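Before any questions on binding or motion, here is one chain by itself as structure tokens, the form deposited in one PDB entry.
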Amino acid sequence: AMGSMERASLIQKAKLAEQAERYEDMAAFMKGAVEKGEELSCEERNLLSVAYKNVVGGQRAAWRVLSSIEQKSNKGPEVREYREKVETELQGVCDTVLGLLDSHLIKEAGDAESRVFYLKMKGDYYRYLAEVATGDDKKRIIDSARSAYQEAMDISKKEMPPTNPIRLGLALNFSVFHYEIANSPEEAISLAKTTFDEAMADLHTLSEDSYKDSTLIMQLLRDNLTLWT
């Protein structure tokens, strides 16, 4: 439904929807913009990520509440039916994002900052699919997340400095994937520790604003390490 709206107008409206905290609208404007077929700039990539993170984040929090209620009830079919409806809507949002990345954001992304950003996003949305998946397509979804994260880590370690915020946020989310999804808490702790230590040694190269950006994400790595150890 956005094919008749100018790209620039979709971007402008996504920024208005963010101000208004209208995240489903923001995602629909940014999906529209991606579907224009042009590569996205840094600012536009961040608008796309912020919109979908907030939409799926609402769905994941609801699914958690419902899942907890369902597990306590284990009445009639209602809790299961409504948890299933929220789960399906979550899956649909993840499949939309994964489809934007496959058609055709990743294949057109040649620069490291864009290619790492989109492969981190692919890891993240398969990770949200894994949180609700049961059994053995669960395995295949977990390996798709791990593969995306690993491709992004390999490019990031060749092409970005250790304090780059996209590299830091990738490592943060890959560490969370290992602790919460892959049942690999030692890998999670090793990754978050190595990432933190390599960033700290590179901080001296930064300006004051870059230092603020990097140390913000380093504090997230530290906060997980405190929770995990």
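Heads up: residue numbers just count along the shown sequence, starting at 1.
The next section is about a form of this same protein that is not shown, the form solved in complex with a small molecule.
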- request: Please run the contact check for residue 220 against the small molecule in the bound PDB entry: heavy atoms, 4.5 angstroms, yes or no?
  value: yes
field: Non-hydrogen atom contact residue 66 with the small molecule in the bound PDB entry at 4.5 angstroms
entry: no
- prompt: Just to confirm, residue 169 within 4.5 Å of the small molecule in the bound PDB entry by heavy atoms?
  reply: yes
Close approach of residue 46 to the small molecule in the bound PDB entry, 4.5 Å, heavy atom: yes
